[PDB]
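The file run_34.txt contains compact mmCIF, C-alpha atoms and all ligand atoms:
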```
# COMPACT_ATOMS: atom_id res chain seq x y z
CA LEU A 1 -23.20 63.85 -11.98
CA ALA A 2 -19.70 64.10 -10.50
CA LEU A 3 -19.01 66.56 -7.68
CA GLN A 4 -15.93 68.63 -8.50
CA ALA A 5 -14.25 71.59 -6.83
CA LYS A 6 -13.21 74.45 -9.15
CA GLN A 7 -11.10 76.32 -6.56
CA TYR A 8 -9.41 75.27 -3.29
CA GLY A 9 -9.90 71.69 -4.44
CA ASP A 10 -6.79 70.42 -2.69
CA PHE A 11 -8.48 68.98 0.41
CA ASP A 12 -8.38 65.24 1.10
CA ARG A 13 -11.81 64.54 2.53
CA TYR A 14 -15.48 65.34 2.96
CA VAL A 15 -17.39 64.80 6.15
CA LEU A 16 -20.87 63.52 5.41
CA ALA A 17 -23.00 64.84 8.28
CA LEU A 18 -26.20 62.95 8.96
CA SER A 19 -28.57 63.62 11.79
CA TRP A 20 -30.83 61.24 13.65
CA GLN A 21 -33.84 63.44 12.94
CA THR A 22 -35.87 62.31 15.95
CA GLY A 23 -32.93 62.87 18.28
CA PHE A 24 -32.21 66.26 16.71
CA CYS A 25 -35.77 67.36 17.45
CA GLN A 26 -35.64 65.84 20.93
CA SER A 27 -32.59 68.01 21.72
CA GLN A 28 -34.03 71.27 20.36
CA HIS A 29 -36.98 70.58 22.64
CA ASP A 30 -35.01 69.76 25.80
CA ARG A 31 -32.80 72.81 25.29
CA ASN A 32 -36.03 74.81 25.38
CA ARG A 33 -35.54 76.02 21.81
CA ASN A 34 -38.37 77.02 19.46
CA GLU A 35 -39.87 74.00 17.69
CA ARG A 36 -39.14 74.14 13.96
CA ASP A 37 -41.79 73.13 11.41
CA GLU A 38 -39.63 70.10 10.56
CA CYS A 39 -39.89 68.85 14.13
CA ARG A 40 -43.45 69.99 14.73
CA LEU A 41 -44.42 68.01 11.63
CA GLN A 42 -42.12 65.11 12.49
CA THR A 43 -44.09 61.85 12.63
CA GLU A 44 -43.64 58.05 12.73
CA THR A 45 -42.93 56.18 9.49
CA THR A 46 -42.53 52.71 7.98
CA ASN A 47 -38.75 52.61 7.46
CA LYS A 48 -37.22 53.82 10.73
CA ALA A 49 -33.93 54.26 8.90
CA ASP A 50 -35.56 57.26 7.18
CA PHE A 51 -35.12 59.16 10.42
CA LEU A 52 -31.53 59.46 9.27
CA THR A 53 -31.55 62.76 7.39
CA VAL A 54 -28.96 64.82 5.51
CA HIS A 55 -27.28 67.61 7.43
CA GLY A 56 -24.44 68.28 5.01
CA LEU A 57 -21.26 67.38 3.15
CA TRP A 58 -18.22 69.21 4.48
CA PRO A 59 -14.89 69.32 2.65
CA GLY A 60 -11.88 69.15 4.95
CA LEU A 61 -9.34 71.94 5.29
CA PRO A 62 -7.85 72.64 1.82
CA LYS A 63 -4.03 72.62 1.88
CA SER A 64 -4.06 75.90 -0.06
CA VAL A 65 -6.15 77.40 2.74
CA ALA A 66 -4.10 75.90 5.57
CA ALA A 67 -0.95 77.22 3.85
CA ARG A 68 -2.27 80.70 4.48
CA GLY A 69 -2.46 80.16 8.22
CA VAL A 70 -5.96 78.74 8.65
CA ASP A 71 -6.13 75.92 11.18
CA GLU A 72 -8.45 72.96 11.53
CA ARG A 73 -10.64 74.57 14.18
CA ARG A 74 -11.02 77.89 12.38
CA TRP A 75 -11.94 75.91 9.28
CA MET A 76 -14.45 73.82 11.24
CA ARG A 77 -15.95 77.02 12.57
CA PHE A 78 -16.12 79.26 9.50
CA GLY A 79 -15.56 77.08 6.45
CA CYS A 80 -15.73 79.22 3.32
CA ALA A 81 -15.76 82.30 5.55
CA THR A 82 -12.28 81.84 7.04
CA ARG A 83 -9.69 84.56 6.70
CA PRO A 84 -7.48 85.51 4.99
CA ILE A 85 -9.15 83.07 2.53
CA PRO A 86 -11.53 81.98 1.08
CA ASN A 87 -12.97 84.94 3.01
CA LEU A 88 -16.57 84.69 1.78
CA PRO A 89 -19.55 86.10 3.71
CA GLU A 90 -20.10 84.24 6.95
CA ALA A 91 -23.10 81.92 7.01
CA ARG A 92 -25.05 82.31 10.25
CA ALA A 93 -27.35 79.66 11.72
CA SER A 94 -29.50 82.49 13.11
CA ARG A 95 -30.21 83.65 9.56
CA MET A 96 -29.85 80.69 7.24
CA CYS A 97 -32.39 82.16 4.80
CA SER A 98 -30.21 85.27 4.50
CA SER A 99 -27.56 83.23 2.72
CA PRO A 100 -27.80 83.28 -1.10
CA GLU A 101 -30.24 81.03 -2.93
CA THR A 102 -28.08 78.15 -4.21
CA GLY A 103 -29.43 77.88 -7.73
CA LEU A 104 -30.30 74.25 -7.04
CA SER A 105 -32.62 72.83 -9.71
CA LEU A 106 -36.24 72.10 -8.82
CA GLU A 107 -35.65 68.39 -9.37
CA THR A 108 -32.69 68.23 -6.99
CA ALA A 109 -34.55 70.50 -4.56
CA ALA A 110 -37.33 67.92 -4.38
CA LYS A 111 -34.96 65.00 -3.84
CA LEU A 112 -33.23 66.98 -1.09
CA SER A 113 -36.47 67.92 0.67
CA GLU A 114 -37.42 64.26 1.07
CA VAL A 115 -34.26 63.68 3.14
CA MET A 116 -33.35 67.17 4.36
CA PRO A 117 -36.49 68.44 6.18
CA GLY A 118 -34.69 71.70 6.91
CA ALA A 119 -34.06 72.49 3.23
CA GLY A 120 -36.03 75.30 1.61
CA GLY A 121 -39.20 76.63 3.20
CA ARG A 122 -38.60 78.93 6.14
CA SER A 123 -35.42 77.12 7.26
CA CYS A 124 -33.17 77.35 4.21
CA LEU A 125 -30.68 74.84 5.64
CA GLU A 126 -29.28 74.14 2.17
CA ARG A 127 -28.37 77.81 1.63
CA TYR A 128 -26.53 77.93 4.95
CA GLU A 129 -24.75 74.67 4.17
CA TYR A 130 -23.77 75.70 0.65
CA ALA A 131 -22.56 79.15 1.68
CA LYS A 132 -20.38 77.56 4.33
CA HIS A 133 -19.18 74.32 2.73
CA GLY A 134 -19.65 74.69 -1.01
CA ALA A 135 -19.72 78.23 -2.40
CA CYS A 136 -15.98 78.80 -1.96
CA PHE A 137 -15.32 75.61 -3.94
CA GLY A 138 -17.52 76.51 -6.88
CA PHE A 139 -19.43 73.24 -6.44
CA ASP A 140 -22.34 72.56 -8.79
CA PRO A 141 -25.23 72.67 -6.28
CA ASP A 142 -27.05 69.87 -8.08
CA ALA A 143 -24.01 67.55 -8.01
CA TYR A 144 -23.29 68.74 -4.45
CA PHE A 145 -26.71 68.17 -2.92
CA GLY A 146 -27.34 65.28 -5.28
CA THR A 147 -24.31 63.52 -3.85
CA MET A 148 -25.41 64.01 -0.24
CA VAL A 149 -28.72 62.36 -1.01
CA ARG A 150 -27.01 59.34 -2.59
CA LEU A 151 -24.55 58.90 0.24
CA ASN A 152 -27.33 59.18 2.81
CA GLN A 153 -29.26 56.39 1.07
CA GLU A 154 -26.28 54.07 0.81
CA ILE A 155 -25.68 54.59 4.52
CA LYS A 156 -29.31 53.89 5.38
CA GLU A 157 -29.22 50.72 3.26
CA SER A 158 -26.02 49.37 4.79
CA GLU A 159 -25.83 47.49 8.10
CA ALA A 160 -25.37 50.89 9.72
CA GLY A 161 -28.80 52.09 8.69
CA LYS A 162 -30.25 48.68 9.43
CA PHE A 163 -28.65 48.72 12.89
CA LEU A 164 -30.35 52.00 13.64
CA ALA A 165 -33.61 50.68 12.27
CA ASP A 166 -33.62 47.47 14.32
CA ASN A 167 -32.59 49.23 17.53
CA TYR A 168 -35.06 52.04 17.01
CA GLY A 169 -35.87 53.34 20.47
CA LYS A 170 -33.36 51.01 22.15
CA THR A 171 -30.13 51.60 24.03
CA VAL A 172 -27.17 50.38 22.02
CA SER A 173 -23.46 50.14 22.72
CA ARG A 174 -20.89 51.95 20.58
CA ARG A 175 -19.34 48.50 20.30
CA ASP A 176 -22.26 46.97 18.44
CA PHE A 177 -22.77 50.07 16.37
CA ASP A 178 -19.12 49.74 15.38
CA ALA A 179 -19.65 46.11 14.43
CA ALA A 180 -22.66 47.08 12.34
CA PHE A 181 -20.53 49.65 10.52
CA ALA A 182 -17.49 47.40 10.20
CA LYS A 183 -19.83 44.73 8.88
CA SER A 184 -20.66 46.75 5.78
CA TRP A 185 -17.38 48.63 5.46
CA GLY A 186 -14.55 47.09 7.44
CA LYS A 187 -13.20 47.12 10.97
CA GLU A 188 -10.42 49.53 9.97
CA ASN A 189 -12.94 52.17 8.85
CA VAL A 190 -14.81 52.28 12.14
CA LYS A 191 -12.73 55.29 13.16
CA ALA A 192 -14.12 57.28 10.21
CA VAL A 193 -17.28 57.81 12.25
CA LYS A 194 -17.98 60.49 14.85
CA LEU A 195 -21.21 60.25 16.80
CA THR A 196 -23.03 63.07 18.51
CA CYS A 197 -25.49 62.69 21.37
CA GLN A 198 -27.54 64.85 23.70
CA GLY A 199 -28.92 64.45 27.21
CA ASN A 200 -28.08 62.00 29.96
CA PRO A 201 -28.70 59.17 29.35
CA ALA A 202 -27.21 60.10 25.99
CA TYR A 203 -29.29 59.74 22.83
CA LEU A 204 -28.08 59.96 19.23
CA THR A 205 -28.41 63.25 17.35
CA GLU A 206 -25.83 63.03 14.60
CA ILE A 207 -23.51 60.80 12.64
CA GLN A 208 -20.43 62.19 10.90
CA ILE A 209 -18.50 60.07 8.40
CA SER A 210 -15.15 60.92 6.85
CA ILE A 211 -15.02 60.01 3.15
CA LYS A 212 -11.99 60.24 0.87
CA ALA A 213 -12.24 63.21 -1.50
CA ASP A 214 -11.07 60.98 -4.34
CA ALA A 215 -13.84 58.44 -3.62
CA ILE A 216 -16.73 60.89 -3.37
CA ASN A 217 -18.19 60.13 -6.79
CA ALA A 218 -18.33 56.38 -6.41
CA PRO A 219 -20.52 53.99 -4.42
CA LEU A 220 -19.17 53.61 -0.90
CA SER A 221 -16.81 50.70 -0.22
CA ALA A 222 -14.02 49.73 2.16
CA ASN A 223 -11.65 52.11 0.38
CA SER A 224 -13.86 55.18 0.59
CA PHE A 225 -13.18 56.11 4.19
CA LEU A 226 -10.60 57.98 6.22
CA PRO A 227 -10.15 57.50 9.96
CA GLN A 228 -10.51 60.60 12.09
CA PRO A 229 -9.66 61.30 15.78
CA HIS A 230 -13.10 62.09 17.25
CA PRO A 231 -15.28 59.18 18.46
CA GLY A 232 -17.90 61.65 19.66
CA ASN A 233 -19.54 62.60 22.97
CA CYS A 234 -21.90 59.61 23.10
CA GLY A 235 -19.96 57.29 25.40
CA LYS A 236 -20.00 53.51 25.05
CA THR A 237 -23.78 53.18 25.16
CA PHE A 238 -26.50 55.50 23.90
CA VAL A 239 -30.13 55.64 22.89
CA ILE A 240 -31.55 55.57 19.37
CA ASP A 241 -34.27 58.11 20.24
CA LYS A 242 -37.84 57.50 19.03
CA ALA A 243 -40.18 60.08 17.51
CA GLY A 244 -42.04 62.25 20.01
CA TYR A 245 -40.91 64.37 22.96
CA CA A 301 -38.02 61.68 20.84
```

The structure given in the file should be rewritten as structure tokens.
Amino acid sequence: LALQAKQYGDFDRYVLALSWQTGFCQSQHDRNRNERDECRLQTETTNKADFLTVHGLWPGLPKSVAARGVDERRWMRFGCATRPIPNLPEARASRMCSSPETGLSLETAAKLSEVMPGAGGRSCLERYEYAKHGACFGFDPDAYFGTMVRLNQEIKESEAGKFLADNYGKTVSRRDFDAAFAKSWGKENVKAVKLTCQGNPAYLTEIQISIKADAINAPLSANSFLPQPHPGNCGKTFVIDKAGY
């Protein structure tokens, strides 16, 4: 089912946010944070690429919102909660479950759980994510979360996901990662990716990909991406963290 905005739909992109699950857990641990049930339960699996989980799908700054004075950073920080508009209740990471239940169908909830360990349960990551990046757009939750799942799978199945899989636990260079990405989607789209790392030596924690708003309901190709200015804080070499602290 197609993902369509009903309000503030005049934005040009979506940032698919994927996290290297193992790395994510590794960081929460090293920062001395409380271990979540998703990390405490985290365990080794057959397809290493499956460690690439869904974090979210974030629409870019809507022109109609920018027109009212909202800037890129404010948008990145508050999303649907920016003022003067859309001005919806702020979604807080410290109380994700306090955000409104999305209305996601049981079927889509199950598909999401398989790839978004933080969804539902006592985390409620999907409520936080929808309140911040979807509610103000009137997105059908099913089409919204259903699209994240699809995109995550296509990524995992491309040379990008395979790259991660083959270098599981190894140190890689941003250069080769870029070649892996460019291999499936073109050299010119390498700048659509922002990588996030933690620690020193740096290890991967998240992958952010800029996708054209107009190409969101189609299988990814070399015309689905938009370059963006932030390479990330990973440096030219980083580690594809393995499961376990
Ligand atoms: Ca680890």

Protein and nucleic residues near ligand CA 301 (chain A), 8 Å, all atoms listed in the file, as a PyMOL selection string = chain A and resi 22-23+25-26+241-245

task = Write out as a list in words which residues come within 7 Å of region 139-141 of chain A when counting all atoms listed in the file, dropping same-chain ones fewer than 2 positions away.
result = residues 3, 4, 5, 6, 102, 103, 104, 134, 135, 137, 143, 144 and 145 of chain A

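For residue 125 (chain A), the list of residues within 9 Å, based on all atoms listed in the file and with local chain neighbours fewer than 3 positions off taken out, reads residues 55, 93, 96, 97, 116, 117, 118, 119, 120, 122, 128, 129 and 130 of chain A.
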
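Remark: for residue 199 (chain A), the closest of the candidate residues A:81, A:87, A:76, A:239 is A:239 (distances computed over only C-alpha atoms).
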
ask   = At a cut-off of 10 Å from (-23.2, 50.0, 12.4) in the coordinates of the file, what residues are picked up using all atoms listed in the file, written as a list in words?
value = residues 155, 158, 159, 160, 161, 162, 163, 164, 174, 175, 176, 177, 178, 179, 180, 181, 182, 183, 184, 185, 190 and 193 of chain A

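Closest approach to residue 24 (chain A) from the set A:50, A:142, A:214, A:206 is made by A:206, with distances taken over all atoms listed in the file.
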
message = Using Å and a single decimal, report how far CA of residue 226 (chain A) sits from CA of residue 189 (chain A).
response = 6.8 Å

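With only C-alpha atoms as the basis for measurement, A:27 is the residue among A:53, A:27, A:19, A:99 that approaches residue 198 (chain A) most closely.
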
key: Neighbour residues at most 6 Å from (-23.0, 59.2, 7.0) (all atoms listed in the file) as a ChimeraX atom specification   = /A:16-18,155,207-209

Could region 29-42 of chain A be completed with N, CA, C and O atoms and returned as a PDB file, in the coordinates of the input?
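Contents of the output file rebuild.pdb:
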```pdb
ATOM      1  N   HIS A  29     -35.892  70.485  21.677  1.00  0.00           N
ATOM      2  CA  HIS A  29     -36.980  70.580  22.640  1.00  0.00           C
ATOM      3  C   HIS A  29     -36.465  70.686  24.071  1.00  0.00           C
ATOM      4  O   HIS A  29     -36.878  71.577  24.818  1.00  0.00           O
ATOM      5  N   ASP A  30     -35.564  69.779  24.447  1.00  0.00           N
ATOM      6  CA  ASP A  30     -35.010  69.760  25.800  1.00  0.00           C
ATOM      7  C   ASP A  30     -34.127  70.964  26.114  1.00  0.00           C
ATOM      8  O   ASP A  30     -33.892  71.271  27.283  1.00  0.00           O
ATOM      9  N   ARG A  31     -33.626  71.632  25.079  1.00  0.00           N
ATOM     10  CA  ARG A  31     -32.800  72.810  25.290  1.00  0.00           C
ATOM     11  C   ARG A  31     -33.715  74.029  25.368  1.00  0.00           C
ATOM     12  O   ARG A  31     -33.260  75.167  25.492  1.00  0.00           O
ATOM     13  N   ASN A  32     -35.017  73.765  25.308  1.00  0.00           N
ATOM     14  CA  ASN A  32     -36.030  74.810  25.380  1.00  0.00           C
ATOM     15  C   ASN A  32     -35.972  75.752  24.185  1.00  0.00           C
ATOM     16  O   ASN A  32     -36.239  76.950  24.312  1.00  0.00           O
ATOM     17  N   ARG A  33     -35.615  75.212  23.023  1.00  0.00           N
ATOM     18  CA  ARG A  33     -35.540  76.020  21.810  1.00  0.00           C
ATOM     19  C   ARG A  33     -36.912  76.015  21.134  1.00  0.00           C
ATOM     20  O   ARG A  33     -37.784  75.210  21.479  1.00  0.00           O
ATOM     21  N   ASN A  34     -37.103  76.925  20.183  1.00  0.00           N
ATOM     22  CA  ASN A  34     -38.370  77.020  19.460  1.00  0.00           C
ATOM     23  C   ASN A  34     -38.494  75.832  18.505  1.00  0.00           C
ATOM     24  O   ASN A  34     -37.570  75.539  17.744  1.00  0.00           O
ATOM     25  N   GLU A  35     -39.638  75.157  18.550  1.00  0.00           N
ATOM     26  CA  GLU A  35     -39.870  74.000  17.690  1.00  0.00           C
ATOM     27  C   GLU A  35     -39.970  74.412  16.226  1.00  0.00           C
ATOM     28  O   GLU A  35     -40.805  75.242  15.864  1.00  0.00           O
ATOM     29  N   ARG A  36     -39.117  73.831  15.386  1.00  0.00           N
ATOM     30  CA  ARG A  36     -39.140  74.140  13.960  1.00  0.00           C
ATOM     31  C   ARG A  36     -40.312  73.395  13.331  1.00  0.00           C
ATOM     32  O   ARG A  36     -40.884  72.496  13.951  1.00  0.00           O
ATOM     33  N   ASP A  37     -40.674  73.774  12.106  1.00  0.00           N
ATOM     34  CA  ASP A  37     -41.790  73.130  11.410  1.00  0.00           C
ATOM     35  C   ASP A  37     -41.431  71.692  11.038  1.00  0.00           C
ATOM     36  O   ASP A  37     -42.315  70.847  10.880  1.00  0.00           O
ATOM     37  N   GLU A  38     -40.134  71.424  10.907  1.00  0.00           N
ATOM     38  CA  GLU A  38     -39.630  70.100  10.560  1.00  0.00           C
ATOM     39  C   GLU A  38     -39.826  69.125  11.715  1.00  0.00           C
ATOM     40  O   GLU A  38     -40.063  67.936  11.514  1.00  0.00           O
ATOM     41  N   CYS A  39     -39.717  69.646  12.929  1.00  0.00           N
ATOM     42  CA  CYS A  39     -39.890  68.850  14.130  1.00  0.00           C
ATOM     43  C   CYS A  39     -41.346  68.787  14.554  1.00  0.00           C
ATOM     44  O   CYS A  39     -41.826  67.756  15.032  1.00  0.00           O
ATOM     45  N   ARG A  40     -42.043  69.907  14.379  1.00  0.00           N
ATOM     46  CA  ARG A  40     -43.450  69.990  14.730  1.00  0.00           C
ATOM     47  C   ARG A  40     -44.253  69.054  13.831  1.00  0.00           C
ATOM     48  O   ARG A  40     -45.270  68.495  14.244  1.00  0.00           O
ATOM     49  N   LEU A  41     -43.771  68.879  12.605  1.00  0.00           N
ATOM     50  CA  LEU A  41     -44.420  68.010  11.630  1.00  0.00           C
ATOM     51  C   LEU A  41     -43.907  66.584  11.736  1.00  0.00           C
ATOM     52  O   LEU A  41     -44.562  65.644  11.281  1.00  0.00           O
ATOM     53  N   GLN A  42     -42.726  66.427  12.328  1.00  0.00           N
ATOM     54  CA  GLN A  42     -42.120  65.110  12.490  1.00  0.00           C
ATOM     55  C   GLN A  42     -43.170  64.088  12.942  1.00  0.00           C
ATOM     56  O   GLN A  42     -43.986  64.366  13.828  1.00  0.00           O
TER      57      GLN A  42
END
```
